[PDB]
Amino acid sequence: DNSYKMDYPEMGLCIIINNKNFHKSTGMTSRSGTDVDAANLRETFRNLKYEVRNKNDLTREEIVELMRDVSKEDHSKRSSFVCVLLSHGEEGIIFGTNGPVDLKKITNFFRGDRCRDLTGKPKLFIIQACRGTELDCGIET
């Protein structure tokens, strides 16, 4: 078998973290249009038979806590795991509403030795966020 076993009773969780409004003291602008993203994802992964949970405007502490809790759920009947992050970012960093979170800290909860119910199962992180401030000028074809 060259393909992951996807016929567990459940496809798995799809966590969508949708950060639109940030605390004023961060200086971060509101991410207009991200609700269109969150709704589109919700419906798309519903049709793929994922159990979608949309969360909105989470602090960096709420994000970390959410990932810890989700990593501690019973995933034994689930084929895979999906987490979508919609926020401001920089390289290796996603922003809570009140400050930054290391992407590594988020994904470490799901490491093969720390989330045993997901050992051997695909863990997908979909990240809509800046990775810096470079602009791609493109080249004509």
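Each residue number is its position in the shown sequence, starting from 1.
When the C-alpha B-factors of 80 to 88 and 55 to 63 are averaged, 55 to 63 comes out higher. Of the two segments examined, 122 to 130 and 8 to 16, it is 8 to 16 that shows the higher average Cα temperature factor in the deposited entry. The PDB entry assigns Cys115 a C-alpha temperature factor belonging to the highest third of its chain's modelled residues. For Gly33, the recorded CA B-factor ranks within the lowest third of the chain. Only modelled residues enter the ranking. The PDB entry assigns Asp74 a C-alpha temperature factor belonging to the highest third of its chain's modelled residues. Among the modelled residues of the chain, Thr44 sits in the lowest third by CA temperature factor in this PDB entry. For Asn98, the recorded CA temperature factor ranks within the highest third of the chain's modelled residues.
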